[PDB]
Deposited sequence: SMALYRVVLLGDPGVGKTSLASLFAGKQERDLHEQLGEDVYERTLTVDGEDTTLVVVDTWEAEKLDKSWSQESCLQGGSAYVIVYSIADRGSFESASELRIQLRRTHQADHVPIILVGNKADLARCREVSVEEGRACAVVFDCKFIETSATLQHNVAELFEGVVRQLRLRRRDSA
């Protein structure tokens, strides 16, 4: 068991809140865009607190995270470009970074190739996956992957 803060970054409209809601699953909470769940992975439980807020919290945001998930939409070149900008922001401030290509189901609107997503992880030195929140594809696998990468830090 452990607890980690996972921060969701990316342009508006790429599906950050959708991915977080699927992670949260099916009022007294101070603050609103923070999602908590304990996941069982490789027979072991781990809690992630997934932050979806992308000011003291705005300044601290890129320094507090145990892991960062930078999301873009495969149907929007602009969002992919600004993904690259976000890694550099993170640099300017030893932490897992996942580059996520969301909206994989829009396979006919594809503006960003799989190869382009892969190259970008290579250039960022980080992990890569494509998901769809509307088909519920690779979402569980995204967050389970984050847990595994975090556990490689500790060991």
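For this chain, the deposited residues without C-alpha positions form the stretches 1, 28-32, 61-67, 107-110, 173-175, given in sequence order.
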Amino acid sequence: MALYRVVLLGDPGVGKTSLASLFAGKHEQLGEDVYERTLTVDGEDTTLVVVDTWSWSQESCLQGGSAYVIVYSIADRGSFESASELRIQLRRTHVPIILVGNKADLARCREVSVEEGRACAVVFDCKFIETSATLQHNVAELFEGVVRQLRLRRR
From here on, numbers count along this sequence of modelled residues.
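For the two regions 140-148 and 16-24, the entry's Cα B-factors average higher over 140-148. When the two stretches 59-67 and 82-90 are set side by side, the higher mean Cα temperature factor goes to 82-90. Within the group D45, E36, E116, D52, the record's highest C-alpha temperature factor is found at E116.
In the PDB entry, a CA B factor belonging to the lowest third of its chain's modelled residues is recorded for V41.
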